[PDB]
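Just the one chain here, laid out as structure tokens, in the form deposited in one PDB entry.
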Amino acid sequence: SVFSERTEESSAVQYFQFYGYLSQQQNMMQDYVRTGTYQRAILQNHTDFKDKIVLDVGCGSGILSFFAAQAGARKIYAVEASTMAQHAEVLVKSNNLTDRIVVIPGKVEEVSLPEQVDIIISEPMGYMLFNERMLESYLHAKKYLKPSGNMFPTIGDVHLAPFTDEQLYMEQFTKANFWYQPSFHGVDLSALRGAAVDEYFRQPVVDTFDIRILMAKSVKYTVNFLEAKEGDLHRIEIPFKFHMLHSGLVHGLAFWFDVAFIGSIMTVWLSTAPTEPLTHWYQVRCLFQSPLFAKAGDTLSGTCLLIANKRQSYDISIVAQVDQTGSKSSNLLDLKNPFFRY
């Protein structure tokens, strides 16, 4: 299938095993910003669901399908590849919604549905939006979408901004500097110091931070899920040009994302911005190996390039330069090995 071809089997096994646990579902459900915002998006846009046919891609415990049912959906096909499908079916029966929610076990790339749908709902966002490559499954599922069907979420905005955080930078350097020792119990480790530095700086940092570390306004990169094709997410090129509002050392780029549910009644936003209440996505920072000095009024330009890999993640290439001086930093990150600093 399209899934098996893009995904190493060992990655897939671990991925679906992880989502089989009720404790993982509980952690996500307890994010009230997440769960309450999805419910609001769906219920306040009840006319997008009333008497409609719905596909829930990767339904987990089924929560979004229950919201679609609360909003009056006629039929909801709830697709789920992990063993969580079993638990979803238990809830459908115990909530007396067997006439409206049909659990379909399997990958959305592999199952057969009996009809086309009016609207697709999912929660395909990982860290930095793109981690886990579930957006591809979501876009793949548009093979079931009627012409002029809707997608909830409809669009995703990735925000990037330069930050300064000397303490974060030094933390990672301090860890890597372990490998500088010429006599660790009599052993010279120093030949590996470069490799150690590279490894640590390849880890995106997942946590939150004070917005005062940001040195310019964010650049926004928008993916429209009604228009995007699955293949568009194999290679994602994000150019940026920041007008620096503060002078200082730029230690990296910070990332967050917003999704919008563009319904017939209203647009509801779920934001993971550092100006908004914290969610379980936090925010993500990619450190530069060497910071770049810029003055207020300078321009920091470059590219963030995300290349999808077979471990359901992305290799991230970030190249940035201060236009006025030619000072450049170039860095490679492995979005599958984040450092959870919170």
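Only the largest set of C-alpha atoms that superpose within 1.5 Å between the two forms is called the rigid core. Note that residue numbering follows the sequence shown and begins at 1.
Student: Could you settle it for me: does 87-95 or 200-208 have the higher average Cα B factor in the PDB entry?
Tutor: In the deposited entry, the stretch with the higher C-alpha B-factor mean is 200-208.
Student: Between 167-175 and 185-193, name whichever shows the higher mean Cα B factor according to the PDB entry.
Tutor: Stretch with the greater average CA B-factor: 167-175.
Student: Per the entry's Cα B factor values, which of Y144, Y180, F130, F152 stands out as the maximum?
Tutor: Comparing C-alpha B-factors across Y144, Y180, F130, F152, the top value belongs to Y180.
Student: Could you tell me which one of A216, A81, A78, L139 shows the highest CA temperature factor in the PDB record?
Tutor: If I rank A216, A81, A78, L139 by C-alpha B-factor, first place goes to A216.
Student: Sorting the chain's modelled residues by C-alpha B-factor, tell me whether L249 ends up in the lowest, middle or highest third.
Tutor: Top third by C-alpha B-factor.
Student: Place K229 in the lowest, middle or highest third of its chain's C-alpha B-factors, as listed in the PDB entry.
Tutor: Middle third, going by the recorded CA B-factors of the chain.
Student: Compared with the other modelled residues in the chain, in which third is the CA B-factor of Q26?
Tutor: It belongs to the middle third of the chain when residues are ordered by C-alpha B-factor.
Student: Which third of the chain holds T299 when residues are ordered by C-alpha B factor: lowest, middle or highest?
Tutor: Its C-alpha B-factor, which the entry lists for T299, ranks in the highest third among residues of this chain.
Student: Please place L278 in the lowest, middle or highest third of its chain by C-alpha B factor as given in the entry.
Tutor: For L278, the deposited C-alpha B-factor lands in the highest third.
The same protein also has a form deposited in another entry, omitted here; what follows describes it.
Student: Among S190, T154, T208, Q116, which is the residue that shifts its C-alpha 2 Å or more between the shown form and the other one, core superposed?
Tutor: By this measure, the answer is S190.
Student: Please check if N177 moves between the shown form and the other one, taking a CA shift of 2 Å or more relative to the superposed core as movement.
Tutor: Superposed on the core, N177 moves its C-alpha 2 Å or more between the shown form and the other one.
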